[PDB]
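See below for structure-v3.txt, which holds compact mmCIF, C-alpha atoms and all ligand atoms.
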# COMPACT_ATOMS: atom_id res chain seq x y z
CA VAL A 62 -21.91 3.80 -21.08
CA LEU A 63 -19.65 1.60 -18.93
CA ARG A 64 -21.52 -1.67 -18.63
CA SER A 65 -21.08 -5.36 -19.30
CA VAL A 66 -22.37 -6.80 -22.56
CA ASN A 67 -24.95 -9.61 -22.23
CA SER A 68 -22.97 -12.01 -24.44
CA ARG A 69 -23.81 -15.27 -22.71
CA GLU A 70 -20.43 -16.59 -23.95
CA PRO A 71 -18.71 -18.23 -20.93
CA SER A 72 -15.23 -17.14 -19.94
CA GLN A 73 -13.39 -18.86 -17.08
CA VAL A 74 -11.09 -16.56 -15.11
CA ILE A 75 -8.61 -16.73 -12.25
CA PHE A 76 -8.75 -13.74 -9.92
CA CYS A 77 -5.24 -13.61 -8.42
CA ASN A 78 -4.76 -11.23 -5.49
CA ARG A 79 -1.08 -10.25 -5.58
CA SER A 80 -1.64 -7.38 -3.21
CA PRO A 81 -1.53 -7.17 0.57
CA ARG A 82 -5.17 -5.94 0.65
CA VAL A 83 -8.45 -7.77 1.04
CA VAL A 84 -9.80 -7.47 -2.51
CA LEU A 85 -13.41 -6.66 -3.42
CA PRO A 86 -14.15 -7.67 -6.99
CA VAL A 87 -16.83 -5.47 -8.59
CA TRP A 88 -18.82 -6.55 -11.66
CA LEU A 89 -20.45 -3.83 -13.75
CA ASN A 90 -23.91 -5.19 -14.53
CA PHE A 91 -25.96 -4.64 -17.70
CA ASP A 92 -27.21 -1.23 -16.51
CA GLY A 93 -23.73 -0.26 -15.33
CA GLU A 94 -24.51 -0.64 -11.63
CA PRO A 95 -21.56 -1.97 -9.64
CA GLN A 96 -22.25 -5.38 -8.14
CA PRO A 97 -19.91 -6.46 -5.34
CA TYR A 98 -18.70 -10.08 -5.22
CA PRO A 99 -17.06 -12.16 -2.43
CA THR A 100 -13.74 -10.80 -1.22
CA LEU A 101 -10.27 -12.32 -1.70
CA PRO A 102 -7.75 -12.41 1.13
CA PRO A 103 -4.16 -11.20 0.39
CA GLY A 104 -2.11 -13.61 -1.73
CA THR A 105 -5.11 -15.83 -2.60
CA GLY A 106 -6.80 -16.99 -5.79
CA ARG A 107 -10.24 -18.02 -7.05
CA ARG A 108 -11.30 -19.64 -10.27
CA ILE A 109 -14.54 -17.95 -11.27
CA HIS A 110 -17.01 -18.19 -14.12
CA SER A 111 -17.62 -14.99 -16.04
CA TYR A 112 -18.48 -14.08 -19.64
CA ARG A 113 -16.88 -12.40 -22.66
CA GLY A 114 -17.47 -8.66 -22.80
CA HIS A 115 -18.08 -8.39 -19.03
CA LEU A 116 -16.39 -5.57 -17.08
CA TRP A 117 -14.65 -5.94 -13.70
CA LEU A 118 -12.71 -3.67 -11.38
CA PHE A 119 -11.05 -4.36 -8.04
CA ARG A 120 -10.92 -2.41 -4.79
CA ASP A 121 -9.57 -2.72 -1.26
CA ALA A 122 -12.66 -4.16 0.39
CA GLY A 123 -12.16 -2.17 3.59
CA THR A 124 -11.25 1.27 2.27
CA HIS A 125 -12.25 1.09 -1.42
CA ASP A 126 -8.77 2.22 -2.41
CA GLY A 127 -8.20 1.53 -6.12
CA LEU A 128 -6.28 -1.52 -7.34
CA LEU A 129 -4.97 -2.53 -10.73
CA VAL A 130 -5.78 -5.62 -12.71
CA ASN A 131 -3.30 -6.66 -15.38
CA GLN A 132 -1.75 -3.20 -14.97
CA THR A 133 -4.94 -1.31 -15.71
CA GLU A 134 -8.27 -0.23 -14.23
CA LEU A 135 -10.75 -2.52 -15.97
CA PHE A 136 -10.65 -6.22 -16.73
CA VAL A 137 -12.76 -7.70 -19.51
CA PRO A 138 -12.70 -11.52 -19.81
CA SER A 139 -11.80 -12.70 -23.33
CA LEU A 140 -12.14 -15.90 -25.43
CA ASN A 141 -10.43 -18.87 -23.72
CA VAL A 142 -7.68 -20.37 -25.90
CA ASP A 143 -7.27 -24.18 -25.66
CA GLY A 144 -9.60 -24.36 -22.60
CA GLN A 145 -7.22 -22.17 -20.52
CA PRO A 146 -8.57 -19.58 -18.06
CA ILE A 147 -7.66 -15.91 -18.35
CA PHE A 148 -5.50 -14.55 -15.60
CA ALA A 149 -6.58 -11.47 -13.66
CA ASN A 150 -3.50 -10.29 -11.73
CA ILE A 151 -4.61 -7.85 -9.07
CA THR A 152 -1.87 -5.58 -7.68
CA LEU A 153 -1.29 -2.38 -5.73
CA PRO A 154 -0.74 0.61 -7.89
CA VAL A 155 2.17 2.87 -7.17
CA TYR A 156 0.08 5.43 -5.29
CA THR A 157 1.30 8.97 -5.08
CA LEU A 158 2.98 9.69 -1.78
CA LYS A 159 0.02 12.04 -1.10
CA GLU A 160 -2.65 9.45 -1.68
CA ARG A 161 -0.67 6.88 0.30
CA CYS A 162 -0.44 9.35 3.24
CA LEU A 163 -4.23 9.99 3.02
CA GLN A 164 -4.80 6.23 3.18
CA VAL A 165 -2.74 5.94 6.34
CA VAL A 166 -4.20 9.06 7.96
CA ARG A 167 -7.73 7.80 7.18
CA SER A 168 -6.98 4.44 8.84
CA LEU A 169 -5.94 6.25 12.05
CA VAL A 170 -8.51 9.05 12.33
CA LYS A 171 -12.26 8.61 12.59
CA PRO A 172 -14.02 10.79 9.99
CA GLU A 173 -15.57 13.01 12.73
CA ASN A 174 -12.07 14.12 13.65
CA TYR A 175 -10.58 15.01 10.25
CA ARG A 176 -11.54 18.64 10.88
CA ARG A 177 -9.61 18.59 14.20
CA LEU A 178 -6.35 17.85 12.34
CA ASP A 179 -3.96 20.79 12.10
CA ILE A 180 -3.69 20.98 8.33
CA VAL A 181 -4.99 23.29 5.57
CA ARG A 182 -8.72 23.04 4.77
CA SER A 183 -8.02 21.48 1.35
CA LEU A 184 -6.43 18.42 3.04
CA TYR A 185 -9.52 17.95 5.25
CA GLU A 186 -11.42 17.96 1.95
CA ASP A 187 -8.93 15.47 0.40
CA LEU A 188 -9.39 13.11 3.38
CA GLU A 189 -13.20 13.42 3.40
CA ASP A 190 -13.25 12.74 -0.36
CA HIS A 191 -12.35 9.08 0.10
CA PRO A 192 -12.19 6.55 -2.73
CA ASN A 193 -15.51 5.30 -4.04
CA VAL A 194 -16.52 3.26 -7.10
CA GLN A 195 -19.29 5.61 -8.25
CA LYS A 196 -16.89 8.58 -8.48
CA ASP A 197 -14.36 6.55 -10.44
CA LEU A 198 -17.00 5.32 -12.92
CA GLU A 199 -17.89 8.96 -13.60
CA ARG A 200 -14.16 9.66 -14.06
CA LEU A 201 -13.59 6.67 -16.39
CA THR A 202 -16.44 8.05 -18.56
CA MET B 1 20.37 -7.90 -8.15
CA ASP B 2 20.15 -4.28 -7.02
CA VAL B 3 20.57 -3.28 -3.41
CA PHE B 4 19.28 0.08 -2.19
CA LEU B 5 21.34 2.05 0.24
CA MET B 6 21.73 5.10 2.38
CA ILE B 7 25.41 5.95 2.77
CA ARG B 8 25.63 8.02 5.95
CA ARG B 9 28.15 10.24 7.69
CA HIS B 10 27.53 13.01 10.23
CA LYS B 11 24.60 14.96 8.67
CA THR B 12 25.15 13.63 5.13
CA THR B 13 23.06 10.81 3.58
CA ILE B 14 23.51 9.56 -0.02
CA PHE B 15 20.63 7.54 -1.52
CA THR B 16 21.96 5.19 -4.16
CA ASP B 17 21.79 1.60 -5.40
CA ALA B 18 24.48 -0.91 -6.36
CA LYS B 19 24.80 -4.53 -7.40
CA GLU B 20 24.92 -7.24 -4.81
CA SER B 21 28.01 -8.48 -6.69
CA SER B 22 29.74 -5.08 -6.62
CA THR B 23 32.52 -4.45 -4.14
CA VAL B 24 33.04 -2.21 -1.15
CA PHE B 25 35.81 -0.48 -3.10
CA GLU B 26 33.38 0.10 -5.96
CA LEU B 27 30.98 1.77 -3.50
CA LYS B 28 33.86 4.03 -2.36
CA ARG B 29 34.32 5.08 -6.02
CA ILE B 30 30.62 5.98 -6.05
CA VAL B 31 31.05 8.11 -2.92
CA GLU B 32 34.18 9.61 -4.49
CA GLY B 33 32.18 10.84 -7.51
CA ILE B 34 29.66 12.53 -5.17
CA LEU B 35 31.66 13.81 -2.16
CA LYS B 36 35.00 14.36 -3.94
CA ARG B 37 37.08 12.19 -1.58
CA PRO B 38 39.18 9.26 -2.81
CA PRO B 39 38.79 5.63 -1.58
CA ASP B 40 41.97 5.70 0.58
CA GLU B 41 40.37 8.55 2.61
CA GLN B 42 37.16 6.53 3.17
CA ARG B 43 36.05 3.85 5.59
CA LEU B 44 32.73 2.07 5.03
CA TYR B 45 30.88 0.21 7.82
CA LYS B 46 27.97 -2.07 8.40
CA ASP B 47 27.00 -0.98 11.89
CA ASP B 48 30.34 -0.91 13.72
CA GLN B 49 32.07 -3.38 11.41
CA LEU B 50 34.71 -1.91 9.10
CA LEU B 51 34.19 -3.23 5.58
CA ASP B 52 36.98 -4.82 3.44
CA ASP B 53 37.47 -3.31 -0.04
CA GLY B 54 37.57 -6.60 -1.92
CA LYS B 55 34.33 -8.00 -0.55
CA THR B 56 31.00 -7.84 -2.27
CA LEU B 57 28.09 -5.97 -0.70
CA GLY B 58 26.35 -9.36 -0.70
CA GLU B 59 29.14 -10.95 1.37
CA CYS B 60 28.82 -8.00 3.78
CA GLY B 61 25.10 -8.71 4.10
CA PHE B 62 23.56 -6.09 1.79
CA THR B 63 21.07 -8.22 -0.10
CA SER B 64 18.28 -7.39 -2.52
CA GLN B 65 15.69 -8.47 0.00
CA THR B 66 17.07 -6.50 2.95
CA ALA B 67 18.27 -3.42 1.12
CA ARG B 68 14.93 -2.44 -0.41
CA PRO B 69 13.93 0.75 -2.34
CA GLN B 70 11.36 1.74 0.28
CA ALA B 71 13.57 0.67 3.22
CA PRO B 72 17.21 1.01 2.20
CA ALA B 73 20.08 -0.46 4.23
CA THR B 74 22.55 1.92 5.89
CA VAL B 75 26.26 2.02 5.09
CA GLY B 76 28.37 4.02 7.55
CA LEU B 77 31.05 6.34 6.20
CA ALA B 78 34.11 7.96 7.79
CA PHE B 79 36.78 10.29 6.35
CA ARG B 80 40.48 10.60 7.00
CA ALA B 81 41.57 14.02 8.20
CA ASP B 82 45.35 14.38 7.65
CA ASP B 83 47.07 11.25 9.07
CA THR B 84 44.18 9.62 10.98
CA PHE B 85 40.50 8.64 10.57
CA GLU B 86 37.71 10.30 12.46
CA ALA B 87 35.49 7.94 14.44
CA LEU B 88 32.27 6.74 12.81
CA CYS B 89 29.66 9.41 13.61
CA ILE B 90 26.10 9.29 12.23
CA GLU B 91 23.71 12.05 13.29
CA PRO B 92 20.26 10.54 13.94
CA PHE B 93 17.25 11.95 12.09
CA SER B 94 14.86 14.20 13.97
CA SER B 95 12.25 12.73 16.34
CA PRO B 96 8.57 12.58 15.38
CA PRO B 97 6.30 14.53 17.73
CA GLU B 98 3.62 12.85 19.84
CA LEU B 99 0.66 11.40 17.94
CA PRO B 100 -2.24 13.85 18.19
CA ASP B 101 -5.15 12.66 20.37
CA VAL B 102 -7.30 11.86 17.35
CA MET B 103 -4.74 9.36 15.96
CA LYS B 104 -4.82 7.20 19.10
CA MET C 16 25.47 10.44 -12.62
CA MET C 17 23.94 13.80 -11.66
CA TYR C 18 22.91 14.24 -8.04
CA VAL C 19 21.10 17.02 -6.18
CA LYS C 20 21.15 17.92 -2.52
CA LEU C 21 17.93 18.30 -0.53
CA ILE C 22 18.40 19.90 2.89
CA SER C 23 16.01 19.36 5.79
CA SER C 24 14.92 22.03 8.22
CA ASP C 25 17.25 20.56 10.85
CA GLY C 26 20.30 20.53 8.55
CA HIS C 27 20.43 16.91 7.28
CA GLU C 28 21.72 16.82 3.71
CA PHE C 29 20.15 14.21 1.46
CA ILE C 30 21.91 13.49 -1.82
CA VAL C 31 19.68 11.82 -4.42
CA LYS C 32 19.79 11.31 -8.17
CA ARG C 33 18.54 14.37 -10.07
CA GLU C 34 16.05 12.18 -11.98
CA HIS C 35 14.53 11.04 -8.67
CA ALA C 36 14.16 14.53 -7.22
CA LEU C 37 12.33 15.63 -10.41
CA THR C 38 9.55 13.26 -9.34
CA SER C 39 8.49 16.50 -7.59
CA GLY C 40 7.28 19.35 -9.76
CA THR C 41 7.92 21.65 -6.81
CA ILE C 42 11.57 20.58 -6.59
CA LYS C 43 11.98 20.84 -10.36
CA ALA C 44 10.89 24.48 -9.99
CA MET C 45 13.23 25.20 -7.05
CA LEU C 46 16.12 23.81 -9.15
CA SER C 47 14.88 25.26 -12.50
CA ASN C 58 21.89 21.86 -7.23
CA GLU C 59 20.74 22.41 -3.62
CA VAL C 60 17.31 23.10 -2.14
CA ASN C 61 16.61 23.97 1.48
CA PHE C 62 13.31 22.92 3.02
CA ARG C 63 12.58 25.08 6.05
CA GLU C 64 9.46 23.16 7.07
CA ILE C 65 10.46 19.53 6.41
CA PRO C 66 12.46 17.80 9.14
CA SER C 67 14.86 14.94 8.39
CA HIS C 68 12.56 12.20 9.65
CA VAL C 69 10.10 13.32 6.95
CA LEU C 70 12.50 14.23 4.13
CA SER C 71 14.36 10.89 4.43
CA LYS C 72 11.03 9.12 3.80
CA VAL C 73 10.33 11.41 0.86
CA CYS C 74 13.65 10.24 -0.66
CA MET C 75 12.75 6.61 0.02
CA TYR C 76 9.51 7.22 -1.87
CA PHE C 77 11.40 8.57 -4.91
CA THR C 78 13.50 5.40 -4.94
CA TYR C 79 10.38 3.25 -4.58
CA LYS C 80 8.40 5.03 -7.27
CA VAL C 81 11.19 4.97 -9.86
CA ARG C 82 11.86 1.28 -9.13
CA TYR C 83 8.22 0.12 -9.28
CA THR C 84 6.68 2.44 -11.90
CA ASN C 85 5.91 0.45 -15.08
CA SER C 86 7.14 -2.82 -13.58
CA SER C 87 5.19 -6.12 -13.32
CA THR C 88 7.23 -7.60 -10.41
CA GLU C 89 4.64 -7.60 -7.60
CA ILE C 90 4.54 -4.20 -5.95
CA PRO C 91 4.97 -4.02 -2.19
CA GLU C 92 3.22 -1.56 0.10
CA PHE C 93 5.00 1.72 0.73
CA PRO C 94 5.25 1.78 4.55
CA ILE C 95 4.51 4.87 6.62
CA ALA C 96 4.70 4.84 10.41
CA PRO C 97 1.69 6.44 12.17
CA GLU C 98 3.86 9.05 13.91
CA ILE C 99 5.17 10.57 10.67
CA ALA C 100 2.02 10.19 8.58
CA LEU C 101 0.56 13.65 9.20
CA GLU C 102 3.82 15.53 8.52
CA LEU C 103 4.52 13.33 5.46
CA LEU C 104 1.04 14.22 4.17
CA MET C 105 1.77 17.91 4.38
CA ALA C 106 5.19 17.43 2.67
CA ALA C 107 3.62 15.34 -0.10
CA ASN C 108 1.02 18.03 -0.61
CA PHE C 109 3.61 20.85 -0.81
CA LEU C 110 5.83 18.84 -3.15
CA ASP C 111 2.90 17.53 -5.26
CA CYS C 112 4.15 13.91 -5.16
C1 LIG A 301 -25.26 -15.03 -18.20
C2 LIG A 301 -24.70 -13.95 -17.24
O1 LIG A 301 -24.21 -12.92 -17.67
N1 LIG A 301 -24.86 -14.25 -15.94
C3 LIG A 301 -24.39 -13.41 -14.82
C4 LIG A 301 -23.22 -14.20 -14.18
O2 LIG A 301 -23.35 -15.41 -14.05
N2 LIG A 301 -22.08 -13.54 -13.85
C5 LIG A 301 -21.70 -12.08 -13.97
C6 LIG A 301 -20.16 -12.06 -14.05
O3 LIG A 301 -19.70 -12.31 -15.38
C7 LIG A 301 -19.79 -13.18 -13.14
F1 LIG A 301 -19.84 -12.67 -11.86
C8 LIG A 301 -20.89 -14.28 -13.31
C9 LIG A 301 -21.15 -14.84 -12.07
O4 LIG A 301 -21.95 -14.26 -11.33
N3 LIG A 301 -20.37 -15.89 -11.69
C10 LIG A 301 -20.50 -16.46 -10.33
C11 LIG A 301 -19.41 -16.05 -9.47
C12 LIG A 301 -19.43 -16.43 -8.12
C13 LIG A 301 -18.41 -16.06 -7.23
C14 LIG A 301 -17.29 -15.31 -7.65
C15 LIG A 301 -16.31 -14.92 -6.81
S1 LIG A 301 -15.51 -13.41 -6.85
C16 LIG A 301 -14.56 -13.66 -5.54
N4 LIG A 301 -14.81 -14.86 -5.05
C17 LIG A 301 -15.76 -15.55 -5.74
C18 LIG A 301 -16.13 -16.96 -5.24
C19 LIG A 301 -17.29 -14.92 -8.99
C20 LIG A 301 -18.32 -15.27 -9.90
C21 LIG A 301 -25.55 -13.14 -13.83
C22 LIG A 301 -25.01 -12.35 -12.61
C23 LIG A 301 -26.62 -12.33 -14.59
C24 LIG A 301 -26.23 -14.43 -13.30

Translate the structure of the given file into structure tokens.
Ligand SMILES: CC(=O)N[C@H](C(=O)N1C[C@H](O)[C@@H](F)[C@H]1C(=O)NCc1ccc(-c2scnc2C)cc1)C(C)(C)C
Amino acid sequence: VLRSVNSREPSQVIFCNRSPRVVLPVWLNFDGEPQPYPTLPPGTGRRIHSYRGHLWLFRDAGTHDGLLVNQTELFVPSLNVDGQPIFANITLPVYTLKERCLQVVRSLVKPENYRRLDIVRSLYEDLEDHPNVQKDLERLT
Amino acid sequence: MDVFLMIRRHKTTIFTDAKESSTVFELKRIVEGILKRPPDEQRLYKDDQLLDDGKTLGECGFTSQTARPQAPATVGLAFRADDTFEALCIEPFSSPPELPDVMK
Amino acid sequence: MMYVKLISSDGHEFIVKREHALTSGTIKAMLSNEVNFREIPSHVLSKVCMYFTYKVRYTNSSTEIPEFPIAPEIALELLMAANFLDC
């Protein structure tokens, strides 16, 4: 269902990383498989060639935490007006305090040791259930 | 520009925001609305420095880029009891425990 | 402006805008103007209040969003508080 369209109509795009994370751009190919592309360091930009109807999403390259692009989950390049590229502004979401705490706890505790933490079982489960693109694609469908 | 503050006295902490251009006296009116004490019974501080009523929060160094929503700047507060003002007393927050082994 | 008082296990009294406290469905239920938290110490509850300020300020805003900072030493206790408060 969620897949790029094979339009062959070029669309030039600027990926702008306005987050403090290393960004992994992910292209959804014609069968809907996620294809990872080169990462963007924090604060950096890249002018890239894409196509109309193509679907992109953006993740923290290290943790796969979710990021937003133009304030939403998916970015689809559109028709260029007057030869101008489309801007893909990549930003942190306002994570819930809970998800933000899970991020920090995950970065400090090796996964073998989640169970050793003195917290209710359901928080072990929340930590183990770390962000992943597959899961989100199932969600977004 | 908004500045984000914690106004602190003893074991009391008010979270609020104000304009950089607003005055110390105007902050006292804010505290008055919350703690029911008028400006003449209030002293505001930045650290140990007593703040002048007529000055802006900006002039007293509370700026949009230092007094942030996720890291607000602290304004000290003292009340007059009868004739004289109590000393500035701010109770520290509790201490975090030691990091568990598995977080080192 | 309407304010509510949130009281930490160690007696610190945090006074925040009512609107901000209602970020938490748990707090909304404890109110529906003071709530005592017997398990949340001040070094955790202060951060919770900072988060309310942060969330209200940066929700539906296009000004670049900074990272919400959480020191390692408080992260575990903040997690538990966040989970209790559903925020
Ligand atoms: C006609 C077509 O659809 N071609 C595809 C294509 O050219 N694509 C798919 C996406 O729309 C876009 F990725 C484009 C493409 O692969 N462009 C090359 C490209 C190279 C590096 C980068 C990035 S991302 C972060 N840094 C860089 C340098 C982005 C795009 C492909 C993969 C079948 C050859």

Kindly provide, as a PyMOL selection string, all nucleotide and amino acid residues lying within 9 Å of ligand LIG 301 (chain A), counting only C-alpha atoms and all ligand atoms.
chain A and resi 65-72+74+76+84-91+96-101+106-117+138

Residues of chain C within 12 Å of chain B, counting all atoms listed in the file, what are they? List them as number ranges by chain.
C: 16-33, 35-36, 65-83, 90-103

Atomic distance CA of residue 42 in chain C - CA of residue 111 in chain C, expressed in Å with one decimal:
9.3 Å

Taking into account only C-alpha atoms, which residue in the set C:108, C:61, C:38, C:88 is nearest to chain A?
C:108

Could you list, with a cut-off of 8 Å and counting only C-alpha atoms, the residues of chain A near chain B, each shown with its nearest atom pair and the distance in Å rounded to one decimal, rows sorted by chain and ascending number, as a Markdown table?
| residue | atom | partner | partner_atom | distance |
| --- | --- | --- | --- | --- |
| A:169 | CA | B:103 | CA | 5.1 |
| A:170 | CA | B:103 | CA | 5.2 |
| A:171 | CA | B:102 | CA | 7.6 |
| A:174 | CA | B:102 | CA | 6.4 |
| A:177 | CA | B:102 | CA | 7.8 |
| A:178 | CA | B:102 | CA | 7.9 |

Could you turn the residues from that selection into a file that holds C-alpha atoms, as an mmCIF file, in the coordinates of the input?
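File out.cif, as written:
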data_model
loop_
_atom_site.group_PDB
_atom_site.id
_atom_site.type_symbol
_atom_site.label_atom_id
_atom_site.label_comp_id
_atom_site.auth_asym_id
_atom_site.auth_seq_id
_atom_site.Cartn_x
_atom_site.Cartn_y
_atom_site.Cartn_z
ATOM 1 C CA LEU A 169 -5.940 6.250 12.050
ATOM 2 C CA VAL A 170 -8.510 9.050 12.330
ATOM 3 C CA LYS A 171 -12.260 8.610 12.590
ATOM 4 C CA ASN A 174 -12.070 14.120 13.650
ATOM 5 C CA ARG A 177 -9.610 18.590 14.200
ATOM 6 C CA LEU A 178 -6.350 17.850 12.340
#

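Distances to residue 109 in chain C were evaluated for C:64, C:84, C:47, C:34 using all atoms listed in the file, and the minimum falls at C:64.
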
For a quick test of understanding: name the residues of chain A lying within 10 Å of chain C when counting all atoms listed in the file, and present them as a VMD selection string.
chain A and resid 79 to 82 131 to 132 150 to 166 168 to 169 178 to 181 183 to 184

Polymer residues at most 6 Å from (22.8, -1.1, -7.5) by all atoms listed in the file, as number ranges by chain
B: 2-3, 17-19

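As for CA of residue 24 in chain B and CA of residue 47 in chain B, they are spaced 14.4 Å apart.
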
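Among the candidate residues B:20, B:48, B:32, B:26, the one lying nearest to residue 88 in chain B is B:48, with distances computed using only C-alpha atoms.
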
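Of the listed residues (A:73, A:195, A:78, A:145), A:195 comes nearest to residue 95 in chain A; the distances count only C-alpha atoms.
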
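Taking CA of residue 105 in chain A and CA of residue 75 in chain A as the two end points, the separation is 10.3 Å.
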
For range 90-94 of chain B, I'd like the enclosing box, axis-aligned and padded by 8 Å on every side, reported as AutoDock Vina command-line options with centre and edge lengths in Å to one decimal.
--center_x 20.5 --center_y 11.7 --center_z 13.0 --size_x 27.2 --size_y 20.9 --size_z 17.9
